[PDB]
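>>> show me the folded form of this:
(2 chains)
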Amino acid sequence: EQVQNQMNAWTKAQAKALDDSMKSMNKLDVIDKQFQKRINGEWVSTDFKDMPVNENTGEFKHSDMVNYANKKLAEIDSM
Amino acid sequence: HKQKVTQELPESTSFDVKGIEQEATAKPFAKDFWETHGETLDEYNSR
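Residues are numbered from 1 along each chain as shown, chains lettered A, B, ... in the order given. Provided below are the atomic coordinates:
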């Protein structure tokens, strides 16, 4: 009944680690959706400072576009 | 503990405003006279 009390905290520290790595995937998904709405012929900006933000993503940093930019090119190279 | 981060994503929409389309490039007055009176402008003033 001490190890149970330890797991109540270790699980909280694992859910706070799948919160900061699902944010960093939400941001790439929304950046892809922005690029795709811009390509298919719709007038919405694609700067990282103009994405939408909904507490599943947080504020967008610059490095969350670099990451995306090297990941479309990586995916297009593999087709 | 439940993960307080949902795969639900935010949504932005395009500023898609459609006004009124333009009329195409109306024919030049020389060609207008041509395919309506069968003869060019020079050939009409020689009379």
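>>> for the chain, longest helix please?
Chain wasn't specified; assuming chain A. helix A:23-39 (DSSP state H).
>>> not quite, go with chain B.
Longest helix in chain B, counting by DSSP H: helix B:29-37.
>>> contact partners of that one?
B:26-27, B:39-41, B:44 (CB atoms under 8 Å, 6 or more residues apart in numbering or on different chains). (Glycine included, C-beta is placed from N, CA and C.)
>>> ok, now stretch A:60-78?
Taking CB under 8 Å, 6+ apart as the rule, stretch A:60-78 contacts A:24, A:27-28, A:31-32, A:35, A:48-49, A:51, A:53.
>>> roughly how far is it from the heart of the chain?
Computed by CA atoms, centre = their mean, to the nearest Å, the chain-centroid distance of stretch A:60-78 equals 11 Å.
>>> in that stretch, which residues are buried?
Using 16 or more other CB atoms under 10 Å in any protein chain shown as the burial criterion, the residues of stretch A:60-78 that qualify are A:60, A:64-65, A:68.
>>> quick one: secondary structure of the nearest residue to residue A:37 once chain neighbours are set aside?
Nearest residue to residue A:37, sequence neighbours excluded (CB to CB, 6 or more residues apart in numbering or on different chains): residue A:44, at 5.3 Å. Three-state call for residue A:44 (DSSP: H, G, I helix; E, B strand; the rest coil): coil.
>>> next, format the buried residues of stretch A:60-78 as TSV and append secondary structure.
Shown next, in TSV, are the buried residues of stretch A:60-78 (three-state DSSP):
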residue	secondary structure
A:60	coil
A:64	helix
A:65	helix
A:68	helix
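>>> need these in JSON lines with distance to residue A:14, can you?
Below are the buried residues of stretch A:60-78 laid out as JSON lines (distance: CB to CB, whole Å):
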{"residue": "A:60", "distance to residue A:14": "25"}
{"residue": "A:64", "distance to residue A:14": "23"}
{"residue": "A:65", "distance to residue A:14": "28"}
{"residue": "A:68", "distance to residue A:14": "26"}
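>>> and of those, the nearest to chain B?
Set against chain B, the nearest of these by CB to the nearest CB is residue A:60 (10.9 Å).
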